[PDB]
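Novice:
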Ligand SMILES: CO[C@@H]1O[C@H](CO)[C@@H](O[C@@H]2O[C@H](CO)[C@@H](S)[C@H](O)[C@H]2O)[C@H](O)[C@H]1O
Ligand SMILES: OC[C@H]1O[C@@H](O[C@H]2[C@H](O)[C@@H](O)[C@H](O)O[C@@H]2CO)[C@H](O)[C@@H](O)[C@@H]1O
């Protein structure tokens, strides 16, 4: 039964969660939050409490703007990692944790494609494994590890599986991707869900872990977003059998990714998610 999640456009306060649930006409199974590597668990706790009080799973994308893969694998962030592991163990509830995401792009400073050239398959895998090792040493077995790829490899040296840290360090795999429509000056084009996600899915389907669509959305311009939404959820349920969760990215950001970017898109989203 496909789990429905979202990043709701802001940090997931009680009110932010309830407002999105009202908006989409259905409970959120998963609530998505982003934090960095200078954020303590105490800052997360109030949000985590809201999510668990609502009866949802918290998925945290944990973004090391503050440390590259060399410094992580070498142990320079270990006090901070240990602290987080300690705090998450004490909290006790099941958290899905997605460190070092979209590493097959070139936009994040921990990514293999990043133009500093600091990050390799080897440094990435060593860093990921090191994080997981520290969590396990501190008894944080409630923390489930989410590997991730961007839908497209962007930048030098990037691939779907070169940076895969291995089944022993991973609970879920995941894919991020957007239909940018005609919104970007690099000549973005309208792409169906299948055109965005099939290649990455084909790679991840070779790993015996369940798959999350951890971020997805579509622009309005360049095509019919309402139809896109209908077809995306149909595609997931028809042809992406290993996908267990679809987590929308609801933010009015580069473009209007929101499920209510138009009344038509909202109507389509409400019917698509079902249940
Ligand atoms: C899709 O890529 C990303 O978008 C999210 C949501 O806008 C953004 O989240 C921010 O993450 C910050 C931690 O690094 C925290 S403090 C912000 O509150 C949150 O909005 C990601 O940074 C970005 O990569
Ligand atoms: O996919 C999320 C990610 O997209 C980045 O743009 C990419 C895009 O992912 C890819 O599909 C396309 O072929 O190339 C562009 C090049 O940028 C975007 O830069 C990120 O901020 C965003 O997180």
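Numbering (full-length UniProt numbering), first residue to last: 30 to 304. We put the CB at the ideal spot given by N, CA and C, even for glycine.
Would you check whether ligand 2 has a heavy atom nearer than 7 Å to the C-beta of residue 181?
Specialist: Here residue 181 refers to the residue found at position 152 when the chain shown is read from its first residue. Because some heavy atom of ligand 2 lies under 7 Å away, the Cβ of residue 181 counts as near it: yes.
Novice: Please classify residue 287: is it buried, with 16 or more other beta-carbons within 10 angstroms of its beta-carbon, or exposed?
Specialist: What you label residue 287 is simply residue 258 of the chain shown in a count that begins at 1. That one is buried.
Novice: What did DSSP end up calling residue 116 once you bin it into helix, strand or coil?
Specialist: Taking the first residue of the chain shown as 1, we reach residue 116 at position 87. Looking at residue 116 - three-state DSSP - the assignment turns out to be helix.
Novice: Would you mind giving the Cβ-Cβ distance between residue 254 and residue 247, rounded to the nearest angstrom? I have them listed as a contact below 8 Å.
Specialist: Your numbering for residue 254 matches position 225 in the chain shown. Your numbering for residue 247 matches position 218 in the chain shown. So it is a contact: roughly 5 Å between Cβ atoms.
Novice: Going by the beta-carbon positions, is the gap between residue 91 and residue 128 smaller than 8 Å?
Specialist: Here residue 91 is taken as the residue at index 62 of the chain shown, counted from 1. Here residue 128 is taken as the residue at index 99 of the chain shown, counted from 1. For residue 91 and residue 128, yes; Cβs fall inside 8 Å.
Novice: Between the alpha carbons of residue 133 and residue 175, how many angstroms are there, rounded?
Specialist: On the chain shown, position 104 is the one that residue 133 refers to. On the chain shown, position 146 is the one that residue 175 refers to. Cα to Cα, the separation comes out at about 15 Å.
Novice: Cα separation between residue 218 and residue 283?
Specialist: Counting from 1 along the chain shown, the entry for residue 218 is found at position 189. Counting from 1 along the chain shown, the entry for residue 283 is found at position 254. Residue 218 and residue 283: Cα-Cα distance of roughly 15 Å.
Novice: Tell me residue 202's beta-bridge partners as DSSP assigns them.
Specialist: To locate residue 202, count along the chain shown from 1; it is residue 173. In the DSSP output, where bridge partners are listed per residue, residue 202 has 240.
Novice: Could you tell me which uninterrupted beta strand (DSSP E) segments, each at least 3 residues in length, are contained entirely in the segment 229-298, listed from first to last along the chain?
Specialist: Complete beta strand (DSSP E) runs here, min 3: 240-247 and 272-278.
Novice: If contacts are defined as beta-carbon pairs under 8 Å, then residue 183 and residue 107 qualify, I think. What distance do you get, rounded to the angstrom?
Specialist: Against the chain shown, residue 183 aligns to sequence position 154. Against the chain shown, residue 107 aligns to sequence position 78. Between residue 107 and residue 183 the Cβ distance is about 30 Å, and since that is not below 8 Å, they are no contact.
Novice: Is the separation between the beta-carbon of residue 23 and that of residue 52 shorter than 8 Å?
Specialist: Because residue 23 is not part of the residues shown, which for the chain are 30 to 304, the question remains open.
Novice: Can you give me the C-alpha to C-alpha distance between residue 228 and residue 55, rounded to a whole angstrom?
Specialist: Here the question's residue 228 lines up with position 199 in the chain shown. Here the question's residue 55 lines up with position 26 in the chain shown. So the alpha carbons of these two residues sit roughly 30 Å apart.
Novice: Check whether the segment 41-51 and the segment 67-86 are in contact - that is, three or more C-beta pairs closer than 8 Å.
Specialist: Counting Cβ pairs under 8 Å, three or more are found: they touch.
Novice: Which of the three DSSP states is assigned to residue 174 in this structure?
Specialist: In the chain shown, the residue the question calls residue 174 occupies position 145. In the structure shown, residue 174 sits in a strand (DSSP, three-state: E or B).
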